[PDB]
Amino acid sequence: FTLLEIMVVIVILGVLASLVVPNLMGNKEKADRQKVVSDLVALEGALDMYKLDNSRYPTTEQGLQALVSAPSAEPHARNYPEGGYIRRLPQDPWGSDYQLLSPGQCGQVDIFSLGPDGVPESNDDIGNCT
Amino acid sequence: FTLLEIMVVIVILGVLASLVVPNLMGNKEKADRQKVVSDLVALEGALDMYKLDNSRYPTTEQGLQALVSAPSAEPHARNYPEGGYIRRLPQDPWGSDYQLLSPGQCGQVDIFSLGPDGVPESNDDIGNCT
Amino acid sequence: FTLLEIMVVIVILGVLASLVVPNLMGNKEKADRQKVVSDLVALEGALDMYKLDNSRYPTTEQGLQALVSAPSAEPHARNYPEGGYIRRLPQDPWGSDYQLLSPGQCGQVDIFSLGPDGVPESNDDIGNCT
Amino acid sequence: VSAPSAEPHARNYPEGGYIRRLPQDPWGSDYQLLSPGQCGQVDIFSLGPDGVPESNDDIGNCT
Ligand SMILES: [Ca+2]
Ligand SMILES: [Ca+2]
Ligand SMILES: [Ca+2]
Ligand SMILES: [Ca+2]
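What follows is the structure in structure tokens.
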């Protein structure tokens, strides 16, 4: 009640807590990649839609928000659909949006972000080619 | 048997119970968010299916139950699949369902619920944009 | 606190961990197929575009990179579009690219790769007909 | 759990089927499926904690 009720359990406690190793830490960091890589095709593929109706892409200062809402800064868009070509803007969860480039150096458009490092254009400058 | 059997254990009891601090309380509340955020894409994405066959979304009074069962209140749906586009209706565990809006103010459709606060349209009005 | 706090839980632990069987392993391997099969039409269909402007296909050593960038190795291409007929080159995730053949034995062109086996021209020689 | 011996036969049945092992309900029962389900394509049932078939603890799917 004092010893058997305790001593037997002290062992069972450590014996239990000792051989219970669930998993690692950092698997979410790997997930951050595909979350952004998923955006890549989704970004360019979505921009291509706007590149079809208005026959071109939005400006840097015009930002991806133009894909979210009608491009107030000129040039204006024709047959801009409801809410643009996206429901909402994917916010990079490190305090940054997906900064597009007008014109892109790897093609028609380039996109960039701080990324997990939280630094602009250092190592986690992903968003397109580089 | 009376002192060693006890006094030694009284210490072991408190020494054990003192330095055993497992965790916090409230982690489940954080989980309630993703549980609802998971619905968000699942809700709109599922509604989009109905927006394809019948080329439109169900009415407010028609509710999300139309996604569960054939929409009895008109307009009627074409090629409505078996059991609609969902197995069962996700019940918000605070006494509320996911009230859709016909038409949505943030787009084609808007969804709302009481939420953890259990209040209608106060702070936990999540279900879509707002 | 020592027995009820433990013994009841030891059961709940095993009772829980025992009847929680989520899924299999190897489903991704099945996905590797369609990922490559998706390339097949995308490869030949994309090459056909180059077969239109320059009225022919790129050379083996010229590789699919010619579809990525202007074909430096002659013959030269006419009206080669921006960045060629593709954004980027699909890299087979087993240390190999999609080796084209100039001329193909199953037609105008043939493509090959190591594949999941990681072996050249053994079993996972997919990329076109064979 | 294993390839369906009773016909109809399955195509591209993966290794060991779609599960490691069968979850045994710890009250002397397995998860009895229904062919075809009344709440949809398939329905599942079990004795449950009551240990009674189709009384109160008939969970396994919709009902
Ligand atoms: Ca950076
Ligand atoms: Ca509220
Ligand atoms: Ca091979
Ligand atoms: Ca029963």
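Residue numbers (PDB author numbering), protein chains in the order written: chain B, 1 to 130; chain C, 1 to 130; chain A, 1 to 130; chain D, 68 to 130.
Beta carbons are placed, not taken as given, at the ideal position from N, Cα and C, and that holds for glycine.
A distance of 8 Å or more separates the beta carbons of A/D92 and A/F112.
Against chain C, the beta carbon of B/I6 has neighbours under 9 Å at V9, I12, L13 and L16, listed in chain order.
Legend: CB atoms of the segment 79 to 109 of chain D lying less than 9 Å from CB atoms of chain A belong to residues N79, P81, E82, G83, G84, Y85, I86, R87, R88, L89, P90, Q91, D92 and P93. Using a 10 angstroms sphere on the CB of D/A70, the tally of other CB atoms stays under 16, which defines it as exposed.
The beta-bridge partner set that DSSP reports for D/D110 consists of D/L101.
Separation of A/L64 and D/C106 (C-alpha to C-alpha, rounded to the nearest whole angstrom) is 53 Å.
Per DSSP, A/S18 is one residue of the alpha helix (DSSP H) stretching across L4 to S18. In the three-state scheme derived from DSSP, where H, G and I count as helix and E and B as strand, B/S122 is classed as coil.
Between the beta-carbon of A/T60 and that of A/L100 there is about 6 Å, and that keeps the pair under the 8 Å contact cut. Neighbours of A/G26 across chain D, judged by C-beta separation under 8 Å: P81 and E82.
Placement of the Cβ of B/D124 at a distance of less than 7 Å from at least one heavy atom of ligand 1 is found. In the DSSP assignment, the residues bridged to C/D92 are C/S96. Shortest gap from the CB of D/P120 to any heavy atom of ligand 4: under 7 Å. C/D110 counts as buried, since at least 16 other C-beta atoms from the protein chains shown sit within 10 angstroms of its C-beta.
Not a single CB atom of chain B sits nearer than 8 Å to the CB of A/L67. Taking B/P58 as reference, the option from B/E121, B/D117, B/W94 and B/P75 with the minimal CA-CA separation is B/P75. CA-to-CA, the gap between D/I86 and D/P120 works out to about 25 Å. Not one heavy atom of ligand 1 sits closer than 7 Å to the Cβ of B/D110. Looking from the CA of B/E5, the closest CA among C/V9, C/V41, C/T2 and C/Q108 belongs to C/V9. Taking D/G95 as the centre and dropping the five residues before and after it, the same chain places the C-beta of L114 and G118 closer than 7 Å to its C-beta, in chain order. For the pair A/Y80 and A/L43, the CB atoms are not nearer than the 8 Å cut-off. In chain order, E5 and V9 make up the part of chain B whose C-beta sits under 7 Å from the C-beta of A/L3. Per DSSP, the unbroken alpha helix (DSSP H) holding B/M49 starts and ends at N27 to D53. Between the C-alpha atoms of C/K30 and A/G83 there is a straight-line separation of about 46 Å. Secondary structure note for B/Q65: its alpha helix (DSSP H) is the uninterrupted segment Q65 to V68.
Not one heavy atom of ligand 2 falls within 7 Å of the beta-carbon of C/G127. Between A/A77 and A/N54, the beta carbon gap of about 4 Å places them in contact (Cβ cut-off 8 Å). One thing to note: C/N123 has its Cβ no nearer than 8 Å to the Cβ of C/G104. For A/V21, the neighbours in chain D by C-beta distance under 8 Å run, in chain order, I86, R87, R88 and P90. Contact check for A/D32 against A/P116 passes: the beta carbons are separated by less than 8 Å. Of the candidates B/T130, B/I12 and B/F1, the residue whose Cα lies closest to the Cα of C/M7 is B/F1.
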